[PDB]
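Only the coordinates and a few stated rules stand behind these numbers; no lab work does. Here the Cβ positions follow ideal geometry from the backbone for every residue, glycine too, while neighbour counts run over all protein chains shown.
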Amino acid sequence: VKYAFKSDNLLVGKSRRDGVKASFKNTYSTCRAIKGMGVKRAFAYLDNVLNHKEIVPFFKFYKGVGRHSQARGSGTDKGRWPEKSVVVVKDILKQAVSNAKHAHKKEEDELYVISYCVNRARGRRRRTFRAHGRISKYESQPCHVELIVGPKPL
Amino acid sequence: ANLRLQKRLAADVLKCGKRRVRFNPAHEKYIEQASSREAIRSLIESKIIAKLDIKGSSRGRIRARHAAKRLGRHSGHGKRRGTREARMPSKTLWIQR
Amino acid sequence: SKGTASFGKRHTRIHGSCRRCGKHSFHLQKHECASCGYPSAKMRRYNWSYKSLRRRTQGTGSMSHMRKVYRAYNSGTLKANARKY
Amino acid sequence: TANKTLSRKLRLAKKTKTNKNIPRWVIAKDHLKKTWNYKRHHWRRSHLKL
Amino acid sequence: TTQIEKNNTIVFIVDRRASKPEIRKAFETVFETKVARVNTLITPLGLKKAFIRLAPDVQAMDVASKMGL
RNA sequence: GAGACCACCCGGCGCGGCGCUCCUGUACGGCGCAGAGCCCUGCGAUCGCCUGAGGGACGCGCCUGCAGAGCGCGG
RNA sequence: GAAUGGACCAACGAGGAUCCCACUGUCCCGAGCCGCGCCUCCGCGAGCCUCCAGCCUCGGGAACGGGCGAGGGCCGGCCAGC
RNA sequence: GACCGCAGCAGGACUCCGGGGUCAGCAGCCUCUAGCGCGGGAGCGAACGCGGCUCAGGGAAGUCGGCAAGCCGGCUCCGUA
RNA sequence: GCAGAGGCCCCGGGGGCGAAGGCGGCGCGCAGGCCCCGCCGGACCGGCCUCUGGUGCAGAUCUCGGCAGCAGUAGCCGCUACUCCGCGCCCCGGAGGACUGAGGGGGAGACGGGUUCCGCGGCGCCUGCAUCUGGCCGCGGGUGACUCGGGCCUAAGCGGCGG
RNA sequence: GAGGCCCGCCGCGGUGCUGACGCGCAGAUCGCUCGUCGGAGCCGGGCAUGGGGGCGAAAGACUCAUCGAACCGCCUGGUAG
RNA sequence: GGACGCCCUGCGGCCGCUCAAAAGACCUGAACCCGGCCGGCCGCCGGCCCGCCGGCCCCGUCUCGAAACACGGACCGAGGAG
């Protein structure tokens, strides 16, 4: 009941993490960027994003995201380099690729990221002290990351 | 590790601040093992732990300026920022006379 | 000045623990328990606050003697009474 | 405070003694499920005798 | 243990309503020993800790060994 | 040469040197038959000389030197 | 208008006015510079508001409309300012 | 550095001891001893804001008003309606 | 239409061969609404007649609970400041550079807190970034007096007094 | 060597910028500037005076962020054309 | 109250296990709200194969008169007044 991608006899490996303490917005974009990529390209893309060589393009949460030179061909001028999100996503995509190799003996080359589902989660609710003796919230926005690897489109 | 217990214990034994206590950069593991004043005293005798000198301010320039003010070199009207009465009180001069 | 700075000057105990009721309500200057009523022989019980009466009343505590005596009257105290009478 | 009264020292003492978590064995014996003293206090947030 | 070996002193938790004369006599009667001095503090937890220094002739190590310390 | 970010104009960049020019104003040191004087034959603020010196540079020219143009991404 | 005090100012005054000298970007008339914030990134992350909706011009209308009547504009999504 | 203000709140809250130099100074400016590097890091060097610095010639013409800045300032000796 | 009460439901109403509830789709009724089917669910539920009522919500600056867009936005602007190397953390050690500058960001008391103290281990929480840090969490300890202070004396004051 | 004398440090006040702040550092702060600084001074502890009362170099100020009459509970689910 | 194997530096994941069922820190699990994937480009009413044409101001409310530049209302669930 925790996996969105309902399998349809495709023999595709799956991994996930629940209550990840990262931004939901900055993790959804990281997973959206890797979708459709061979897991070898995705590992080198995520590594490049950490070295700032490549950029995670933000298609949904773009308000306040700076336009950068690296996002020229992405389809959106806006983009960023989330570091905590990339570390988390890489772990899930390494577990997914390991699960698919052990379960169906697929090769890493013929595995492509096929589906993802980042959902919002309940956050740690710390407090923020405002002026005129008032207390507000500093609630986090954690995420349930789901990464699936599979043969290729068509 | 956190050798803050051993810089507190050695400050007590050497009777100095923890800013004067210096450990050998090497033999750090031996300092880590010590957790008692006696096992700190042993490392002080070994010289693994040592204290620095107070290293206060040089008075060499100050003793030269005072020596030349004794000759009269540095006390002209420009260098006087206090009243003649404040510098030397008339009452004191009358009492001595 | 009226509030935060003046709250800084708060460093004294206006009230203390009551011997009779063990609440932080014994005034140390006037020597009177605001809740207990001590040093008075009688307890301070006011019918305007029935909630105050309910917080400290017979039955809030152990009632160790009364419980014993009530059971004994429902057992063999009544017989001892008739023997004395 | 350094010049404490005995009566005050003894009331404060009980608070330190009763500031203890539920023993793990007691949770197993009573099948408590909820596992927190709640009566526990923290010196910075608590206002004992206030 | 260092106190019992070097300062000939046995540390004993006692009733808080007890007094240094009563502690000295009680330790002497129960342990069959001679006590030169008693020093006592009421712990932060309410208990009373009494440092019983045994007389120089008596050896606290022997009394502690009989006790089980 | 252009700019908040982007974009724009250009690209084997660029770093460190060598000249040129310009900025400040004559470097440390050595020397002196300079120096008020002093007490010692030593001290001494200063002065001249070497020294339009030295130091500096983001401007121009050059390279004598390390370098420098993706099997990165799209396509 | 005379202890509902009248008149009178030496010395005082973070009191209220007027002028002179001095002085300065107050100004003519602005300009360059230095830090910090801003801005971009990494990690954190609120409050407030909210029928909807968010381009105009005219007309009617509770006589001063984003929405109605008639015209004229208008890919859509953002950013820094304002 | 743990108290009291919702908070490990550029907010308050009583005392004790108090080195050196410059100086009239327990002032300001540096320092010995002792303590220590604070709810985070980089890049850039926009407007604008804030905390400053300077500005030709004139000198309050600005403004409700010289607001703000600037001038002046220590000591010694003259000289004072 | 709702919730309960008294009856009925021809062999004694419908139910683990699937009740209520939830979800999607019909049909029926002018409509309030009702009914069926599938799927989830997992133990109860009605039609009709009579009876009873704390009986039907879009508003009340409505109460309470969740929670959106703003929005990865505003912000994380005091107290001069960190750097290199090493198990390398804002830990720690060494080395440079600083700062608080003896009405100290120094060392101690009174009060107020009440274990915050110390050692060992740890990061699930908190440390508004991080943590291998810590005042945080767990465990085990810690305050010794003829001479110091209370106690004692009296002050301002307050209580007591045949009454 | 006098003075409710003057300059000026801490202290104690709080003038101006009609500065910052104003979803603050803060339900009155922060920065400069300023009033004063041997005195009708300042500060701590104890103590007294209590709500139509107190206390007031008087401003209807102050009385625990509350004041032209405190706060707590109750009358009270007061009454409202 | 989670067999075993597979993995992972580890965290944790995947397989499945117990069970009637995960019912897995817990019964059912609505709305608001949001992420994946597939389909469209869209408010309401009417007509038709269905994106075109025609019509349509934001309710509740006092009021002579409210779309009002009058007032209350972000949204949804529960409670809520003869």
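Compute the whole-percent fraction of alpha carbon pairs in the range A:83-154 spaced more than 17 Å apart.
Numbers: 1512 of 2556 pairs.
The calculated P(r) of the range A:83-154 puts 59 percent of pairs beyond 17 Å.
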- prompt: Along each of its three principal axes, how wide is the spread of alpha-carbon positions in chain A, in whole angstrom units, largest first?
  reply: 63, 40, 24
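For D:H47 and D:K20, calculate 0.36 nm times their separation in residues minus their Cα-Cα distance, and state this gained length in nm to one decimal.
8.0 nm
Viscosity 0.890 mPa s, temperature 25 °C: Stokes-Einstein D of chain D from its Kirkwood Cα radius, in µm² per second? Don't jump to the answer; show the numbers that get you there.
On the way: Rh = 13.0 Å.
Once the numbers are plugged in, D ends up at 189 µm²/s.
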query: Cα centroids of the range D:23-50 and the range A:67-132: how far apart, whole angstrom?
result: 40
message: Could you compute how fast the protein assembly as shown diffuses translationally, taking Rh as the Kirkwood radius over C-alpha pairs and applying Stokes-Einstein at 10 °C with viscosity 1.306 mPa s? Give it in µm² per second.
response: 46
- prompt: What is the Å³ per residue value for the convex hull set by the Cα atoms of chain E?
  reply: 84
- request: Could you name the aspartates and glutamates whose alpha carbon sits less than 20 Å from that of E:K66, not counting residues in the same chain fewer than 8 places away?
  value: E:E5, E:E28, E:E32, E:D57
task: Kindly put A:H102, C:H15, D:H41, D:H47 in sequence by how many other C-beta atoms sit within 10 Å of each C-beta, fewest to most.
output: D:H47, A:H102, D:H41, C:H15
task: With N denoting the number of residues in the range A:60-104, provide Rg(C-alpha) divided by 2.2 N^0.38 Å, to two decimal places.
output: 1.62
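For A:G13, what is the net charge nearby, where nearby means another residue's Cβ is under 9 Å from its Cβ and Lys, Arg count +1, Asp, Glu -1? Walk me through the numbers on the way to the answer.
Numbers: positive: A:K14, A:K101, A:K106; negative: none.
For residues surrounding A:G13, the net value is +3.
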